[PDB]
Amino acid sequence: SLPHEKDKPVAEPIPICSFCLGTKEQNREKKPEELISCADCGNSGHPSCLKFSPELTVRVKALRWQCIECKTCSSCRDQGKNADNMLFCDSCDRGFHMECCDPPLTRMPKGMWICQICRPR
């Protein structure tokens, strides 16, 4: 839904979970579960292996999602030095630097955090 998300093509997905080595036919419970695939690198994971909530699972499938290592800030479009401190939205899993949010954040939020895209919807 963001301009660069609609614009940028997506990598060929690798049909194996990077965490359990399972497939869409077998997760860690040996049950079927569709994979989520990174649009940048193509690596995949089961939502259960990613420890996603049901909301994250249903929302990221429709978005140009990036894995933990590919994730770039949705404002400044960079990974940055403090990439470890990039926040992940608890609704859409997009990443934001604290300084790149609106309003900018100086202290790490407690509890659930919803990004500026998801708060009005």
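Between two forms, the rigid core is the largest collection of C-alphas that superpose within 1.5 Å. Residue numbers here begin at 1 and follow the sequence given.
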Using the rigid core for superposition, please say which stretch has the greater CA deviation in 6 other deposited structures of this protein, 83 to 91 or 40 to 48. 83 to 91
Once the rigid core is matched, which of the two stretches, 29 to 37 or 50 to 58, lies farther off on average in 6 other deposited structures of this protein by C-alpha? 50 to 58
On mean C-alpha B-factor from the PDB entry, just flag whether 76 to 84 or 42 to 50 is the higher one. 76 to 84
For the higher mean C-alpha B factor in the entry, choose 28 to 36 or 52 to 60. 28 to 36
Hey, what third does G111 fall into on Cα B-factor, ranked over its chain? highest
What third of its chain's C-alpha B-factors does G22 belong to: lowest, middle or highest? middle
By the recorded C-alpha temperature factor, relative to the other modelled residues in its chain, which third is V10 in? lowest
